[PDB]
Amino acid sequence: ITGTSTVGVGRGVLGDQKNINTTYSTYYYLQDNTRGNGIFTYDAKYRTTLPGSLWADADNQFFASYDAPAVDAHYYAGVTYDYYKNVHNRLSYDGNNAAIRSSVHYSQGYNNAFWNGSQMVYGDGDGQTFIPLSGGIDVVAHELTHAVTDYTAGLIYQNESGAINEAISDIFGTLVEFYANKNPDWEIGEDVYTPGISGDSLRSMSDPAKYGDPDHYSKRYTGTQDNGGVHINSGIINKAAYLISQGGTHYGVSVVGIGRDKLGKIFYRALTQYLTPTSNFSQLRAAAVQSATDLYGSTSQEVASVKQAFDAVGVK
């Protein structure tokens, strides 16, 4: 809508207070005009029709329980946008400042989230397995990254390419988490998962096997579930990414960590320059070393660490 840019205040899923960019026109809307072509947050009102209606508030104060998820989706989207802009010099997911849209309160007791090809969607969870998904910054960034991937490499959502697609989302979701410095970790969705059970998480990048995910190419899932295990085999790449950044010894192979920042640069470059819709793990390996090479030279430690990492997860 057309109106006056302003700032509201509200409480997020975790009960934290924060300021949000809104737009004033009769009502106060969850419309952030400060970022690219804007960030829009909608209310799906427990239905499945999208996107629903642009979030309207009467007083610019979002302290109602029903508001929480909207606050977070809106806020975290902004943070994610900033990350891409500040860090990778990317303007929105399309690189052309496309408007970012999210819908919350999707369905009833919906334990998931997704990028529908046009926007982000978040369920509220059943309150047992999950709480409103937008409460996790890694989650929001994961979703937004799916968009980035779509506009770039276009990795098809199945089998190996789909696993890569997933890993990308986990990696960047994690990097964004570190970027915001919000109790950063190498875990996925710990903030909205099992309300419930402390210390747990949906996925682990540092130790995927902890949750039954493969951490070695030899343990790759080859069935048909999960689109051919896109959310499973991602653990392999996730583990690799972890090693590149943090370093360590996995299956007898030692990897010298190069740090988060370099990890991001390397992966972003691979994503945007070398990956294709049908790329596989092995292709991912080549893209990654090519990027590092481009960035730090063939004889660099960076290239070295990338190689060891892939070796460590049995990806040649």
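Note that residue numbering follows the sequence shown and begins at 1.
When the two stretches 35-43 and 255-263 are set side by side, the higher mean Cα temperature factor goes to 255-263. 100-108 and 171-179 differ in mean CA B-factor, and the higher of the two is recorded for 171-179. Highest CA B-factor among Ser65, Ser279, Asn60, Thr48, as stated in the entry: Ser65. Reading the B-factor column for the CA atoms of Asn159, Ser201, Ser134, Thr80 in the entry, the top value corresponds to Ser201. Among the modelled residues of the chain, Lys239 sits in the middle third by CA temperature factor in this PDB entry. Ranked within its chain, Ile20 lands in the lowest third, by CA B factor from the PDB record.
Sort the chain's modelled residues by C-alpha temperature factor and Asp191 lands in the lowest third, per the entry.
In this PDB entry, the Cα temperature factor of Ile1 sits in the top third of its chain's modelled residues, the highest group. The deposited CA B-factor of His74 belongs to the lowest third of values across its chain.
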